[PDB]
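Everything below concerns the one structure shown next.
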Amino acid sequence: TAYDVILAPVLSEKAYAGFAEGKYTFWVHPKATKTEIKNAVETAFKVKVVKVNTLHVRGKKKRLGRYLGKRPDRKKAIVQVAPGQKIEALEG
Amino acid sequence: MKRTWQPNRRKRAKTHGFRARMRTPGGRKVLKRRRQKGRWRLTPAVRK
RNA sequence: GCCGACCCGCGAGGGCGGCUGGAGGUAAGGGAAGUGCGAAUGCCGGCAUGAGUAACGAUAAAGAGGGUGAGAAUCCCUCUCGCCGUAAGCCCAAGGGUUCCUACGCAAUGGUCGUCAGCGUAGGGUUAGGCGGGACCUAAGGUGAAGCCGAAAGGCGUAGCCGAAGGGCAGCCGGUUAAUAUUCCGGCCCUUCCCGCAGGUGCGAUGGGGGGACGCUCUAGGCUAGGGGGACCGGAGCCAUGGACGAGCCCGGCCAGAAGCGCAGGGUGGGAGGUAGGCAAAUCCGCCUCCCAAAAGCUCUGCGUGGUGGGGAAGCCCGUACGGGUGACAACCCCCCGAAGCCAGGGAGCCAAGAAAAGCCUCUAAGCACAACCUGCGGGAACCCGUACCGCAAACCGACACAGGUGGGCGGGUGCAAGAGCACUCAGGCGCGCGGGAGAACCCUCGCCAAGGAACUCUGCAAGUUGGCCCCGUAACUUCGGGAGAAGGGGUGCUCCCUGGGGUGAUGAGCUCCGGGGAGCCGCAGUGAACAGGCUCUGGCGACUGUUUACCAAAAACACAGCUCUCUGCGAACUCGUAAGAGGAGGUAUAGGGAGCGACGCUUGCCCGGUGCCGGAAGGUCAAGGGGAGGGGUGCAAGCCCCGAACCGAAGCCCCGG
RNA sequence: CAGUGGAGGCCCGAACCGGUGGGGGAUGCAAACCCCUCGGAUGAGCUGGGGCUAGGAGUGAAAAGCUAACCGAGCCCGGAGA
RNA sequence: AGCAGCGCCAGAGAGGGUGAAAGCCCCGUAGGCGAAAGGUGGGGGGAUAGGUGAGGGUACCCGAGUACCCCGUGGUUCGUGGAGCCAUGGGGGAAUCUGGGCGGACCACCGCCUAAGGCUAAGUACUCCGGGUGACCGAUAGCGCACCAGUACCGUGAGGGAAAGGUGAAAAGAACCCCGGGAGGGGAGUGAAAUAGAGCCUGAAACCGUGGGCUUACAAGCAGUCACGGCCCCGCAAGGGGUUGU
RNA sequence: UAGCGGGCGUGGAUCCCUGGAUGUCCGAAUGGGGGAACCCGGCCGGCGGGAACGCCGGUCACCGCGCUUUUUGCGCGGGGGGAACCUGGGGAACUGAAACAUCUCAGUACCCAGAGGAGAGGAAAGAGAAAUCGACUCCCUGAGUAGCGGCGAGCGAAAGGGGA
Ligand SMILES: [Mg+2]
Ligand SMILES: [Mg+2]
Ligand SMILES: [Mg+2]
Ligand SMILES: [Mg+2]
Ligand SMILES: [Mg+2]
Ligand SMILES: [Mg+2]
Ligand SMILES: [Mg+2]
Ligand SMILES: [Mg+2]
Ligand SMILES: [Mg+2]
Ligand SMILES: [Mg+2]
Ligand SMILES: [Mg+2]
Ligand SMILES: [Mg+2]
Ligand SMILES: [Mg+2]
Ligand SMILES: [Mg+2]
Ligand SMILES: [Mg+2]
Ligand SMILES: [Mg+2]
Ligand SMILES: [Mg+2]
Ligand SMILES: [Mg+2]
Ligand SMILES: [Mg+2]
Ligand SMILES: [Mg+2]
Ligand SMILES: [Mg+2]
Ligand SMILES: [Mg+2]
Ligand SMILES: [Mg+2]
Ligand SMILES: [Mg+2]
Ligand SMILES: [Mg+2]
Ligand SMILES: [Mg+2]
Ligand SMILES: [Mg+2]
Ligand SMILES: [Mg+2]
Ligand SMILES: [Mg+2]
Ligand SMILES: [Mg+2]
Ligand SMILES: [Mg+2]
Ligand SMILES: [Mg+2]
Ligand SMILES: [Mg+2]
Ligand SMILES: [Mg+2]
Ligand SMILES: [Mg+2]
Ligand SMILES: [Mg+2]
Ligand SMILES: [Mg+2]
Ligand SMILES: [Mg+2]
Ligand SMILES: [Mg+2]
Ligand SMILES: [Mg+2]
Ligand SMILES: [Mg+2]
Ligand SMILES: [Mg+2]
Ligand SMILES: [Mg+2]
Ligand SMILES: [Mg+2]
Ligand SMILES: [Mg+2]
Ligand SMILES: [Mg+2]
Ligand SMILES: [Mg+2]
Ligand SMILES: [Mg+2]
Ligand SMILES: [Mg+2]
Ligand SMILES: [Mg+2]
Ligand SMILES: [Mg+2]
Ligand SMILES: [Mg+2]
Ligand SMILES: [Mg+2]
Ligand SMILES: [Mg+2]
Ligand SMILES: [Mg+2]
Ligand SMILES: [Mg+2]
Ligand SMILES: [Mg+2]
Ligand SMILES: [Mg+2]
Ligand SMILES: [Mg+2]
Ligand SMILES: [Mg+2]
Ligand SMILES: [Mg+2]
Ligand SMILES: [Mg+2]
Ligand SMILES: [Mg+2]
Ligand SMILES: [Mg+2]
Ligand SMILES: [Mg+2]
Ligand SMILES: [Mg+2]
Ligand SMILES: [Mg+2]
Ligand SMILES: [Mg+2]
Ligand SMILES: [Mg+2]
Ligand SMILES: [Mg+2]
Ligand SMILES: [Mg+2]
Ligand SMILES: [Mg+2]
Ligand SMILES: [Mg+2]
Ligand SMILES: [Mg+2]
Ligand SMILES: [Mg+2]
Ligand SMILES: [Mg+2]
Ligand SMILES: [Mg+2]
Ligand SMILES: [Mg+2]
Ligand SMILES: [Mg+2]
Ligand SMILES: [Mg+2]
Ligand SMILES: [Mg+2]
Ligand SMILES: [Mg+2]
Ligand SMILES: [Mg+2]
Ligand SMILES: [Mg+2]
Ligand SMILES: [Mg+2]
Ligand SMILES: [Mg+2]
Ligand SMILES: [Mg+2]
Ligand SMILES: [Mg+2]
Ligand SMILES: [Mg+2]
Ligand SMILES: [Mg+2]
Ligand SMILES: [Mg+2]
Ligand SMILES: [Mg+2]
Ligand SMILES: [Mg+2]
Ligand SMILES: [Mg+2]
Ligand SMILES: [Mg+2]
Ligand SMILES: [Mg+2]
Ligand SMILES: [Mg+2]
Ligand SMILES: [Mg+2]
Ligand SMILES: [Mg+2]
Ligand SMILES: [Mg+2]
Ligand SMILES: [Mg+2]
Ligand SMILES: [Mg+2]
Ligand SMILES: [Mg+2]
Ligand SMILES: [Mg+2]
Ligand SMILES: [Mg+2]
Ligand SMILES: [Mg+2]
Ligand SMILES: [Mg+2]
Ligand SMILES: [Mg+2]
Ligand SMILES: [Mg+2]
Ligand SMILES: [Mg+2]
Ligand SMILES: [Mg+2]
Ligand SMILES: [Mg+2]
Ligand SMILES: [Mg+2]
Ligand SMILES: [Mg+2]
Ligand SMILES: [Mg+2]
Ligand SMILES: [Mg+2]
Ligand SMILES: [Mg+2]
Ligand SMILES: [Mg+2]
Ligand SMILES: [Mg+2]
Ligand SMILES: [Mg+2]
Ligand SMILES: [Mg+2]
Ligand SMILES: [Mg+2]
Ligand SMILES: [Mg+2]
Ligand SMILES: [Mg+2]
Ligand SMILES: [Mg+2]
Ligand SMILES: [Mg+2]
Ligand SMILES: [Mg+2]
Ligand SMILES: [Mg+2]
Ligand SMILES: [Mg+2]
Ligand SMILES: [Mg+2]
Ligand SMILES: [Mg+2]
Ligand SMILES: [Mg+2]
Ligand SMILES: [Mg+2]
Ligand SMILES: [Mg+2]
Ligand SMILES: [Mg+2]
Ligand SMILES: [Mg+2]
Ligand SMILES: [Mg+2]
Ligand SMILES: [Mg+2]
Ligand SMILES: [Mg+2]
Ligand SMILES: [Mg+2]
Ligand SMILES: [Mg+2]
Ligand SMILES: [Mg+2]
Ligand SMILES: [Mg+2]
Ligand SMILES: [Mg+2]
Ligand SMILES: [Mg+2]
Ligand SMILES: [Mg+2]
Ligand SMILES: [Mg+2]
Ligand SMILES: [Mg+2]
Ligand SMILES: [Mg+2]
Ligand SMILES: [Mg+2]
Ligand SMILES: [Mg+2]
Ligand SMILES: [Mg+2]
Ligand SMILES: [Mg+2]
Ligand SMILES: [Mg+2]
Ligand SMILES: [Mg+2]
Ligand SMILES: [Mg+2]
Ligand SMILES: [Mg+2]
Ligand SMILES: [Mg+2]
Ligand SMILES: [Mg+2]
Ligand SMILES: [Mg+2]
Ligand SMILES: [Mg+2]
Ligand SMILES: [Mg+2]
Ligand SMILES: [Mg+2]
Ligand SMILES: [Mg+2]
Ligand SMILES: [Mg+2]
Ligand SMILES: [Mg+2]
Ligand SMILES: [Mg+2]
Ligand SMILES: [Mg+2]
Ligand SMILES: [Mg+2]
Numbered sequence: 003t004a005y006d007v008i009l010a011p012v013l014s015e016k017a018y019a020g021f022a023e024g025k026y027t028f029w030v031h032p033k034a035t036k037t038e039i040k041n042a043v044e045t046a047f048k049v050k051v052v053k054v055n056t057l058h059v060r061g062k063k064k065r066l067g068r069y070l071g072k073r074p075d076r077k078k079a080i081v082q083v084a085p086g087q088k089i090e091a092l093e094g
Numbered sequence: 001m002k003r004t005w006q007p008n009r010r011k012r013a014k015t016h017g018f019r020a021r022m023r024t025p026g027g028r029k030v031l032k033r034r035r036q037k038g039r040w041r042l043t044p045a046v047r048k
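Line by line, the protein sequences give chains BT and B4.
Note that PDB author numbering has the first sequence beginning at 3, numbered continuously upward.
Note that PDB author numbering has the second sequence beginning at 1, numbered continuously upward.
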């Protein structure tokens, strides 16, 4: 149970913005600590994280026909990898 | 002019809240009917 | 279902024909009922009438050129014009909940239009040890082990626990995105936790003590925010339209910052002995004794400085968008005004006498003294939730893009005596999401009016007059304060001249604050605009400030200080509760409950027959109960069973008095 | 007596609280608004936040006022097809 | 699947569907078969717990704040009544079969029953749930809800509480061209039918409209009716229909 | 539930019955709190470099009964839900009586506790008039009788008999 905190990378000009610097932001699992997003991405991309930042993404409400919706909630965490390091895995 | 509905969430929840309803035999029946009627919301909701 | 001028029937009906419809229907003869509608201000739905009518939601206001586009009064851009500017600008909190930013789009929503939008589709967007909240404290209150009470449900309640805009706690300046930023980045600066160590000390708390820890009004010293002037510093520019190349005009001359130093403040007595108190744990605190210093020292905070980091205008080219360059290598300095903020637990006066608990410090107990505390340094660790956007409103509460409502902070300049007032105006933001014409009555809001001047009218209702400041002056009456802004008057602008005082500097100049004297000028008019009392006299009621019928009454009603009566001796009376219990009150007759009157002045008469209340150990009546003569039913009886006189029996009522 | 001092349910007046008179509004901007005027404005003051008190009950500077836009007894469901 | 011709089945001619009206096409129906697993299960069987005698003597025991009595009440058909019985808040308070209770005051007789400890299946009640059936509804009915309803919306809250079903057999859901920014249409095309074209079966009424016929600007009105007349229309005429001038 | 993009099935897929597994968070909700779905812990293990931080597995509410050496312990149980039915505790008023008070409505409505596939009741200190019957419950009947009653309005049994 570890490739479970990491969900998928966030893909957005703004996400990319910080690849250049040391900053990889991705969708984590909503109940994850920063203490865990850490030991997670650490044992997952074989880097050292010096800094995790998080924020919830209250899910917007879409709709269709009369049927009135509500998209699921989320939690970007954004990791600042030890100096110099990188994650080719993401740098496409 | 000051109308009557002056929302405040602590208030809403402290007073018609679930914890609150369970607390008294009165509210317990309320939950009871609410449920036995098949209401979707058993008690007012509060976005804070 | 639609049509029929045909047929049958007294009629409700039935039949036949044509057209529509496109999958059910149900003889003769019987049976059974949710069985026939025009009305119920009936119920549901649809659709009319009024009527192309009223309205299109503040009278802050528009106009033009260009662009976009199938289509523009209505969207973008530009110029001109207008409105807000203690706001109609800006930042918090609440509520709201994606309304934020992009891209595409206009069916509906938008009171018109719409290419636009707060609308539809889609994608993005909210980053924190230090901001806020939680891994802290306690408040009313809530909950609640014990315990108490209640038919049940439940009520009360100690300890404790929960509860915050209050206590405690470590981040300031600046840059960057379309959209977040004490959150990312830059710079400077901090906090806890753990580990190792150095040094140090009897260490150690949930217990003891200190502290935190407090009202109102007025207020000093110093400083900051903030603001004004500068001939001084920097700057691209400008000479118009009669004059000016100048001490010209226009722009800008700051921000953060550890140690240290300085300025200003807060806090704090030191030493020794004795101790019976802080539920006998103490080196602490309290209290007694004497000696010293009377202030420093030590401790803390604010500001200034401070290594250095940052920022930095008008104007000009590119520009839809919105910025980026120029733009300086910018300058970054003097002087003045100055807080309600800071130093902060400052000071003085007053009576109505002004939270708690933790942090922090200190004392010790158990326990440990190879621990453990304390200080420095090094290395490590530091979670959870909020963070978009709206926020006096078109995004909150008002069914609405509603002229209503909504707590805190900032809120520039000039002028006016002052100000958060008024007029104009920066920054910033708007012209209120139907327009165009016309120039009738009538309505609304507003201006003016000959002569008169309350004749109006229920009433000077309404309007008007008056209006600020300065000086002169001011009555009855008075409770000596008042009445007073009584009344009534005069002055007020601008120019030159002489001059007094206060402030900063230094005592001086400059700046600034408040004046006094003369000479003179113009106009109808000088608080030239805006803010801005009409006055007197005399009755009634109510003393007075206050309170009230949210939405027809604001008053002479309620309240009130004050007066009298009355109850109440404390487990008080009284009130809420079935009770426990609580309030009264952690009060104690100078108190508390009830009642009436209602500042203050002078006063308050007679009538206890009735009613109430208070008193009255007599008497009279008086219930259960006690009593048991006497009578009854039944049995063969012993018995069992019932009725019942006198007589004893409270309060109440009677009676007696106040 | 003068000085100093800075009291007060003191005075004038914004914010703020309020509703005196008039006009307007009356299928309203508005189920209580607008304009002009007016009252209080250091107090028996106004106000945010957290709490407690309710139906014969609470609260009431007392109007039978208020208790979620009609209160001489709230609203809801029920007895109920009184 | 109708009509026609000739057949067959039936322990099955209940019902449903298939392009309309099917015993024989389809799913069923009659009849009959089936459980490894879970549940149920004395109905059958077995076992265990338990249980069962007669006479005599003895007078030990046989449910206590109980019986019983009185005061206050409840239950019962019983409303204080002649008021018992059962129950019990207050007071007094026994006996152990020569004991006690009852048989409607009470007493005597006769007779009944054994209080003050407890347990016991079935027959009974109901219907959230599953199924079967209807001289039950057929979308304003039937549940409030046939549909995404205890919703939307309304209320602080308890709580209130809707509307809304149907193309066609099959989507074959209308390529493509044309006008239009779109919408929407006109052709083309599909279909038996498209005024079945997509909230689309049927499609009534009010209500709005376009065309045509008769009529109306000296006329008085519950709007109609009776008469005559003119015009228009159906029929050869006799006739009728529409309109309305007086 | 079409579509885009991909797969699976006679090596019996889908699907239906049965048993098992997993089963976040809240809710009796039970480690503590709390404004339900959130927040914060103690203990024993585990994870990461892992002491600080975080996560993962387990475990910790309260009451009653039993056992245990006071106790600490250990086990068994309770708690909450359920359309209607049932039982116990409590218990109206409109209304009827053509007013109204006894009375009626009605031990109904409802509130509360409990029970359960039912619940109650149940093996005579009975019936009540026959030297008779023989637990209890249910239906028929007895009977609108007996009676009760401001003898108003109304209310209204039992024994016995036939049944389950
Ligand atoms: Mg949307
Ligand atoms: Mg027909
Ligand atoms: Mg038939
Ligand atoms: Mg028949
Ligand atoms: Mg009918
Ligand atoms: Mg009918
Ligand atoms: Mg009718
Ligand atoms: Mg009418
Ligand atoms: Mg019309
Ligand atoms: Mg008109
Ligand atoms: Mg008009
Ligand atoms: Mg307008
Ligand atoms: Mg103007
Ligand atoms: Mg224009
Ligand atoms: Mg162009
Ligand atoms: Mg174009
Ligand atoms: Mg063009
Ligand atoms: Mg103001
Ligand atoms: Mg939206
Ligand atoms: Mg923004
Ligand atoms: Mg539109
Ligand atoms: Mg429009
Ligand atoms: Mg509108
Ligand atoms: Mg456009
Ligand atoms: Mg366009
Ligand atoms: Mg455009
Ligand atoms: Mg930092
Ligand atoms: Mg934690
Ligand atoms: Mg006690
Ligand atoms: Mg606490
Ligand atoms: Mg902080
Ligand atoms: Mg922003
Ligand atoms: Mg920004
Ligand atoms: Mg060493
Ligand atoms: Mg010590
Ligand atoms: Mg020692
Ligand atoms: Mg301590
Ligand atoms: Mg201490
Ligand atoms: Mg202390
Ligand atoms: Mg203390
Ligand atoms: Mg304080
Ligand atoms: Mg300054
Ligand atoms: Mg300055
Ligand atoms: Mg220069
Ligand atoms: Mg010139
Ligand atoms: Mg200028
Ligand atoms: Mg200029
Ligand atoms: Mg000095
Ligand atoms: Mg001592
Ligand atoms: Mg000693
Ligand atoms: Mg000692
Ligand atoms: Mg010492
Ligand atoms: Mg010591
Ligand atoms: Mg200084
Ligand atoms: Mg400085
Ligand atoms: Mg400086
Ligand atoms: Mg410097
Ligand atoms: Mg320097
Ligand atoms: Mg360190
Ligand atoms: Mg933000
Ligand atoms: Mg507003
Ligand atoms: Mg609204
Ligand atoms: Mg508007
Ligand atoms: Mg306000
Ligand atoms: Mg200011
Ligand atoms: Mg407008
Ligand atoms: Mg004039
Ligand atoms: Mg005149
Ligand atoms: Mg004149
Ligand atoms: Mg005149
Ligand atoms: Mg006259
Ligand atoms: Mg008169
Ligand atoms: Mg007047
Ligand atoms: Mg004048
Ligand atoms: Mg006067
Ligand atoms: Mg002047
Ligand atoms: Mg000097
Ligand atoms: Mg004045
Ligand atoms: Mg007189
Ligand atoms: Mg007089
Ligand atoms: Mg008087
Ligand atoms: Mg007054
Ligand atoms: Mg009023
Ligand atoms: Mg007390
Ligand atoms: Mg007491
Ligand atoms: Mg007390
Ligand atoms: Mg006292
Ligand atoms: Mg006197
Ligand atoms: Mg007298
Ligand atoms: Mg005597
Ligand atoms: Mg005798
Ligand atoms: Mg005798
Ligand atoms: Mg005899
Ligand atoms: Mg005798
Ligand atoms: Mg005697
Ligand atoms: Mg007596
Ligand atoms: Mg007496
Ligand atoms: Mg004063
Ligand atoms: Mg005053
Ligand atoms: Mg005054
Ligand atoms: Mg205020
Ligand atoms: Mg008022
Ligand atoms: Mg008034
Ligand atoms: Mg009017
Ligand atoms: Mg206050
Ligand atoms: Mg009531
Ligand atoms: Mg209501
Ligand atoms: Mg009834
Ligand atoms: Mg044959
Ligand atoms: Mg058939
Ligand atoms: Mg088989
Ligand atoms: Mg079988
Ligand atoms: Mg059986
Ligand atoms: Mg045997
Ligand atoms: Mg045996
Ligand atoms: Mg014998
Ligand atoms: Mg007794
Ligand atoms: Mg007896
Ligand atoms: Mg009785
Ligand atoms: Mg009785
Ligand atoms: Mg009687
Ligand atoms: Mg007897
Ligand atoms: Mg008794
Ligand atoms: Mg007898
Ligand atoms: Mg006898
Ligand atoms: Mg069923
Ligand atoms: Mg059924
Ligand atoms: Mg329906
Ligand atoms: Mg319908
Ligand atoms: Mg249903
Ligand atoms: Mg609403
Ligand atoms: Mg298609
Ligand atoms: Mg077409
Ligand atoms: Mg073609
Ligand atoms: Mg277009
Ligand atoms: Mg279309
Ligand atoms: Mg057809
Ligand atoms: Mg048709
Ligand atoms: Mg269409
Ligand atoms: Mg349609
Ligand atoms: Mg039609
Ligand atoms: Mg014709
Ligand atoms: Mg004519
Ligand atoms: Mg014709
Ligand atoms: Mg398992
Ligand atoms: Mg759970
Ligand atoms: Mg919990
Ligand atoms: Mg922990
Ligand atoms: Mg662990
Ligand atoms: Mg290691
Ligand atoms: Mg356990
Ligand atoms: Mg033993
Ligand atoms: Mg249960
Ligand atoms: Mg029942
Ligand atoms: Mg009656
Ligand atoms: Mg009657
Ligand atoms: Mg009647
Ligand atoms: Mg009952
Ligand atoms: Mg059960
Ligand atoms: Mg059964
Ligand atoms: Mg049973
Ligand atoms: Mg039983
Ligand atoms: Mg027995
Ligand atoms: Mg019995
Ligand atoms: Mg026998
Ligand atoms: Mg009578
Ligand atoms: Mg009865
Ligand atoms: Mg049977
Ligand atoms: Mg039966």
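Even for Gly, the Cβ is constructed at its ideal location relative to N, Cα and C.
- Exposure of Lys88 (chain BT) is indicated by the presence of fewer than 16 other C-beta atoms within 10 angstroms of its C-beta.
- Shortest Cα-Cα distance from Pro11 (chain BT) to any of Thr37 (chain BT), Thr3 (chain BT), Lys64 (chain BT), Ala46 (chain BT) involves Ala46 (chain BT).
- Following the DSSP letters along the chain, one finds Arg47 (chain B4) in no beta strand (DSSP E), marked with neither H nor E.
- Taking C-beta separations shorter than 7 Å and ignoring five residues to either side along the sequence, the partners of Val46 (chain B4) in its chain run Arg9, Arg12, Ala13, following chain order.
- For the set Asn41 (chain BT), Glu90 (chain BT), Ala84 (chain BT), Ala91 (chain BT), the Cα lying nearest the Cα of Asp6 (chain BT) is the one of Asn41 (chain BT).
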